[PDB]
Amino acid sequence: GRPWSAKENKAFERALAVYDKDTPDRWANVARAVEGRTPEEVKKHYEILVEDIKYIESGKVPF
C-alpha cells in the first residue's frame, strides 16, 4: 500500500481536525479512522507534513 493516495490523504486531513493536537493517543485515533494505516505510519505522515511546511517557510529541510 505504501505511498499515500489522494483519498487517504483527505481522510488524514479530516482526521487531524477531529482529533486535535491535545488528543491523547492521537495517532492511534487517526489511524483507526484511516483504513489500512497503522499509528506509526500515520505519525510518519504528519512528520513529513511538518517538515514540508518547515521547508516552505525557511528554505531548508529540517533535521
Please determine, by comparing only the residues of segment 1-13 that are assigned to a loop (DSSP other than H, G, I, E, B) and of a type outside the set (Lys, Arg), which one is surrounded by the fewest Cβ atoms within 10 Å (Cβ to Cβ).
3
Please enumerate the residues belonging to segment 24-60 that are among the small types (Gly, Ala, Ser), in contact with a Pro (Cβ under 9 Å, 6 or more places away or on another chain) and either farther than 18 Å from residue 2 by Cβ or in contact (Cβ under 8 Å) with a residue 12 or more places away in the chain (or both).
28
Test: residue in segment 50-57 that is surrounded by 10 or more Cβ atoms within 10 Å (Cβ to Cβ), in contact with a helix residue (DSSP H, G or I) (Cβ under 9 Å, 6 or more places away or on another chain) and assigned to a helix (DSSP H, G or I):
no
So which residues in segment 14-44 are loosely packed, with under 10 Cβ neighbours inside 10 Å and assigned to a helix (DSSP H, G or I)?
17
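Every number here is computed from the coordinates shown, using simple stated rules; none is lab data. Quick reminder, even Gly has a Cβ in these numbers, built from the backbone with ideal geometry, and neighbours come from all protein chains shown.
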